[PDB]
Structure formats: structure tokens, C-alpha cells
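Quick setup: the C-alpha cells below cover two forms of a single protein chain, split into structure 1 and structure 2.
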Structure 1
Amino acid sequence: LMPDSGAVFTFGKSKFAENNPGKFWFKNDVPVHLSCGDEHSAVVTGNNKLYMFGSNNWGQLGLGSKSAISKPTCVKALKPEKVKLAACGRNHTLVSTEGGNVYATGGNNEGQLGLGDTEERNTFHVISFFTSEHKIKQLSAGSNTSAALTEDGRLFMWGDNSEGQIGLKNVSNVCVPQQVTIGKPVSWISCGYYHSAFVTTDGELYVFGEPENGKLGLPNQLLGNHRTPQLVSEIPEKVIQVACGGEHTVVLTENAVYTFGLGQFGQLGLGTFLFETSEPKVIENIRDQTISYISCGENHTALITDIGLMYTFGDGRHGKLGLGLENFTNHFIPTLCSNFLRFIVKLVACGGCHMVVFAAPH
């Protein structure tokens, strides 16, 4: 059956056939990177292969069509390349390869494919800007937005800037990668739906994008400058990770987990009736718990602990919190995924209506 290295588990709507239990693995291969967009998912394997599934309505799976897909599907066109990373946005997908090529497919209304135009694609097209010079550490993608972070700390963003979500000031949008810099190396990037954030090597958090719902975590007097990256100085400790969702933000420090923005479905994890906050708040429920990784969906959140346990909170629709098969209720506090108690959760990615988990049993 399942290899000792574990399996990929899917929750919510992965658009698989029936059934199709929501669990798979790869023969003589292992998952190494997971990504989820609004309605689709990407799996990168150790053998440097890319598997896509979910919605293909904008050709975001890069399979040469816009037809329905009901199972993990290997991208044949990228087989001559060594795929290392993938990012899934609302309707597009970004991929980076070891040879230095970065590819994009899917929706392109605001130039998020980085191809110099606004025409949608159904196959992966190379973004000529990126070469072997750019060693890609991280990719990120939101709603018609794209980002690539290099190993030496340079951040490049493209697509929609109508609300300042790619930090390019007065520009409305760009169809080619443009550098975003504050004069410091960047260590972490996350593109939310209509806002983005990055972490610097000296532990500072910078936010930019739509100044609505408190998701930037800035005081009122700074909200007017939302089109340029601004420091979240209200968090005293050094920041390690950031994850941006639909209308909320999650922040990992070397002391606590912070959330801010909208939490009408429980995605802030701050308690049953705390519906929103414009300033960063510590999740007090897990204050004694060390968190190793944070992940953000449109309206839910996942946390991997120091020992590989997982806590989720937010919108429970379709079972995307990964808690129970019969339970679809919203969770307002971080809730242990007890179905994975006998497992090490190694990777997690959260989408709009789904979640993908790589876990191995003890």
C-alpha cells in the first residue's frame, strides 16, 4: 500500500472523480513542494516532475486545453526540465526550474503571466527575464498577481497593482517582472488575494495592497501609503514567516503567531466572537505551542507544529480544514487535526475551497 514516505491527502473540493478517496502517492518518487490556488493545486516531486489538478477553466493547469481534469496530471511539456518550485494564484500557475527558466500558464487579465501581454495561455510559457543568474528561493501568486524571490534576497513582482498589491507605487499593472526593493534582502514572500507581504533577513515585516478589512495590520494614518511596502512596527519580535489570505494575514515570529484582518469564518483563530482586528493580535490559545510553518487559504489557516502536528481554523465548508469527514463547521480557534495524530505532517498548502497535505505515518 502507501510507501513509508507517506501520501498526499486532499481535503475539500479537489475536483477528483468518485471515488477517488482523496489520497495518493508516486511510484519511486516523493512530494517535495505543494501549492494551492483558488480552485487548483500543484505538486512538485523529488524527481523534479510537476503534477497539476483541480480547476482548468483558465488553462491554469498548463495541459494544453481548458477541459475538465479529475485526477493528478503530469505536465508532459516540462519533462525535459527539472521542476523545483510552483505557485498557484487565483487562475494562474508559476513554475521555476533548476536550469534557470521560470514558466507561467493560465489567466492573464492583468499581466500576471509575465509574458508582456494580457492574453490567457493553456500551456506553460517561459518568462524571458529569468535566467540561471536568478536562483529562485520562493514563488508566490495571488489574484492576478505574481512574485519570485531569489536566494540572495531580490524580490520581483508582476500583474495587478490596482490596489498597490505588488508594491509598484503609481503603476496600475505590469505584464513583465519588476523589482520591488526597500534596500534590504528579502527572506519570505506571500501574495494574498488583494494584498502582499514580505519578510526581510533582519526580521522585519512589510505589507502593501488593499487597505481594507484591517488585513495590512497598519494604523489608520499609514493606510494612505498602501501602494508602497510599509513596516509593521506593532510586532516587536523578529518575523520569520508571513502568509496572506483572502482578507486576512498570518505572521510567524520566534515567540508567537499573529493574525489580523477579517475573521468572520474563524480564520483569525482568536476566539468564537472576535470577528476582525486592524492591528496584529497574538493567538493566545497556542502561546505555549511552537509553530514551524504557517499556511493561508482564502478563508482558512493551517499551522504545522514543532513536531509535525497540524492545527487548522477558519471556514469548514466541504471539509477543507481536514478535521472530520462529517464535520463542516467553522472553527474560531486553532483545532488539532487528530486524524493526523499518528502522522508527521511534512507539507501543507491551502487554497480557496481545498487543502493539500503531505504526511507520513509513524
Structure 2
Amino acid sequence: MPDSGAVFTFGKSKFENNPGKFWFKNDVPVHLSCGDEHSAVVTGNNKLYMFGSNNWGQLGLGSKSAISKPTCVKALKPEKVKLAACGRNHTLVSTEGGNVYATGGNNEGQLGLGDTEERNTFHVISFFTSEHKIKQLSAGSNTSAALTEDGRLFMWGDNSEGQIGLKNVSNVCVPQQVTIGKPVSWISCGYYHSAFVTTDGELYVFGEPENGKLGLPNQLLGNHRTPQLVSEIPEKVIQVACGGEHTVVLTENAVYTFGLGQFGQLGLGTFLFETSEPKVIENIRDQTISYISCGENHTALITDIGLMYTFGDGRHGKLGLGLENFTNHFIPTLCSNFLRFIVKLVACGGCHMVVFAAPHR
């Protein structure tokens, strides 16, 4: 409706799960995050809006089972919210003043609060201060990450499969630095694996050595609890996004995928259902990709000119393609319904996807 655009919801986001649309009065989204069954929107006026499932208190809005409509977390209004990350049952938020907050499930210490007690309102992670300028947050299944502007990566929560790169420790309930001796520029926590990109463009992956999603050859899979270089991508890596059983990697002129693709989430065609080796998506070679996003079982790409391509599991309409079109897509497919829009932001969750797009005029 407004020229600045709208947030579009697809799938089971709880906003009656039909393709939905909302916007804010004199405010605009600047950041989107989707967890397994919930969503977060950070606005330009530095407010946080939460919606979806709240069974574990992941919305930070009290004890209600679910909240259908995007709801302002007014408890954080004294602070300038800049970023948010949604995991399976928890949410992380960072503020301009140097405070990082968490709410939701805490069974593996993913809130980073020093215990394993669940919370249903946002609590300060006292480990983080104004000394830590947060560039990025990420959150997986009972896992958490915060990346600073000067390239320090901190992770906490579950490490039972090595998914926070802390070797033989089972889990941690306090943020701990994860490093291989280089500044980090990008981090993504998938469900049971994670990855980071160094400032020199190297990709490191760690976590569950299953389904080929680490993208490492067999001789390296034993050391999956330590971050290891994906040497089979020779080009400089810019972004990584980790999903349920797949991984998506952005380089300057190519998108790589690896792991499981039984729903089409690898985008490598109708014949390739899994790969342990990183493979380039060939159908979109002609276009430059500016952003990548992973849900549990689907993938979204935004191009430099603001087109969006999706692929993978079509259930609930989460690919954002068509009202009746619920089939799986094995190649990146143009979101033709956004053709007269610039797609600006996208986040993908378990059974839903959230999109920020503004119309061409």
C-alpha cells in the first residue's frame, strides 16, 4: 500500500496461514529473521515486532501459546533494536547501546544466560557489552551466534554434534569465542550444523557430519566438531546460509549448494537428490545474486536488481510462488508475483517465509 512497500508472509507463519500482507505506520522493516515456527521484524525506528508460535516463550511476550499478529516488544522500547535472530525455540536481539538479549527455550544453554532455565521475556546477556559491536546474529536448533564488527565470533548452546565448533564440550550456557585465527565476516547457524566465512573469503563448516551438508570429503568428517575449510570451493565466499539438511553458499559469480535435496532445496535439478560435494546452480548463471536465505527445507535467492528465486519444499505455500502451486521445486524458480516490486529482504523458517518488497513506480 505505501510506496515504501509491505511485509509479505507465506506458509504457516500464523499471520490464518493464507498469503498475508502488513506494513507499519511511518516505519519500515530493516531486518527479517525466521525461526522454526516464529518470526522477527526489526524496523528503522529501532523497534522489534514478533509473531508466530510462543510455546517456549520465543516471542519474548509472556506465556500465550501463540501470537498471530506482528506485536511490538514494548519492553525493549527504551533500547535501539538493530538485529534479531530466530532459532528453533529461541530468539536473540542486539541493541545499539551494547546490550544483547535472549528469550525462549534454554535446555542446551542457547539463551547464553548462564543457566538452562527457559524465559518468556527478553533477558540481557551480561557477557556482551558496548565493547562488542554486533554485526550479525544467528540462531539454529538450540544454538546461538553473535559476530562483532571487528570479526570476533561468539557461539553458545548445543555442541553435542559439534555445531558450535567447540570440540568435545557438550554445550555451553555462556558465549564463547570460536576462531581458527582469522577475522570472521559472516555466520549462519543451521539446524544441526553451522558455518562461517572469513574476511579473506574462506568458508568453514562444522556440526553434524550427515547428508553431505558440511561439504567436506570423507577423510575430514571425523573432525566435524572443529571448524574446517571447504577447500572444494576455490572462489572467495561472500555469504553462507545453513538449513535443515542443506547448505547454500554465495560466491561472486556462482551459488553453491550441498547436502540433502529430496524436496528440491539444492536447486540442482530433478535428478540430483543429494551431494556431499559443493555443486554450482547452473540455471541462474546469467544473474548476479546479492543475498541467500535458507529455511529448514527450502531456499531463497535475491538478485542484485531485486528479483527473487525460490526452490525446495512447497508445502503450505512457503515458496511464495502461487496460491494453488504447492509442489516441490528442484530448480530456482522466479517469484513472478513480485515482478513489479524490488524484493529487499527475505527470511525463511520451518514452514514459512517472510518477504519485504517495495513497488516500482
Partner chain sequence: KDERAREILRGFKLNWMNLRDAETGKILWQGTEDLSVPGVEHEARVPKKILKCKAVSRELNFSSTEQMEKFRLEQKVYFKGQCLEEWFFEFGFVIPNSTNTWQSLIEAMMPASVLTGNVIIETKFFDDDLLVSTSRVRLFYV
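Residue numbering: structure 1 sequence, from 1. Residues that one form lacks are left out of the comparison. Rigid core: the largest C-alpha set superposing within 1.5 Å between the two forms.
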Review point. Is the form solved without its partner chain structure 1 or structure 2?
Key: 2
Study note, to complete from the structure: In Å, the rigid core superposition gives a C-alpha shift for residue 193 between structures 1 and 2 of 0.2
Revision key, fill the gap. The CA shift of residue 65 between structures 1 and 2, rigid core aligned, in angstrom, is 1.6
**Study point:** Structural rearrangement between structures 1 and 2, runs of 3 or more with C-alpha shift of 2 angstroms or more, core superposed
**Key:** 18-21, 66-68
